[PDB]
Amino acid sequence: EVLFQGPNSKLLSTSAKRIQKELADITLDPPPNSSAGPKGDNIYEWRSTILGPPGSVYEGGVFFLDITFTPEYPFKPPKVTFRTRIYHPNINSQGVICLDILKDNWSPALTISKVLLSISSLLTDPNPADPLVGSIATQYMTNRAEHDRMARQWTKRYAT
């Protein structure tokens, strides 16, 4: 009935303070082609829209992301996942992303705007050295033209 709609931590102070500061900055100064904010009452659960970067095979696509913070933020990275289906060697069928700053390169200096810029950069420059879909990372290296035809077809079919 009465539900706190968030995490039972002992210290929500550091996380919530930093999250409201990030919310305000990203509404003032959103990254190019990107948007992000809380879904509802829980400032630890955001939603993001990303347009496929111009010049990329994802161009004209509209991609939605789920962003979940924990009470350890900014010392632990947020969890970020595509909801839109996407054809990309570093993003798996459930939208899990293989990006350095979302695991071992995370730094308290990084903000959620930066995560979105990097995600945009990862869309225009896949990282086949750390693949999350083997056939797609393989096709990206051996048959690039077929990889682009598929990423374009998937953008048109799933991201509109």
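Heads up: residue numbers just count along the shown sequence, starting at 1.
Chemist: Look over 10 to 18 and 133 to 141 in the entry and identify the one with the greater average Cα temperature factor.
Modeler: Mean C-alpha B-factor is greater for 10 to 18.
Chemist: On average, which has the higher Cα B-factor in the deposited entry, 149 to 157 or 1 to 9?
Modeler: Averaged over C-alpha atoms, the B-factors run higher in 1 to 9.
Chemist: Looking at the C-alpha B-factor values in the deposited entry, which of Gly95, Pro126, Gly52, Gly40 comes out highest?
Modeler: Most elevated C-alpha B-factor of the set, per the entry: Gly40.
Chemist: If I read the C-alpha B-factors straight from the PDB entry, which of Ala109, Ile91, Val115, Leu122 is highest?
Modeler: Result of the comparison over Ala109, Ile91, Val115, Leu122: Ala109.
Chemist: Using the B-factors in the PDB entry, rank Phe75's C-alpha atom against the chain and give the third, lowest, middle or highest.
Modeler: Highest third of the chain for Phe75's C-alpha B-factor.
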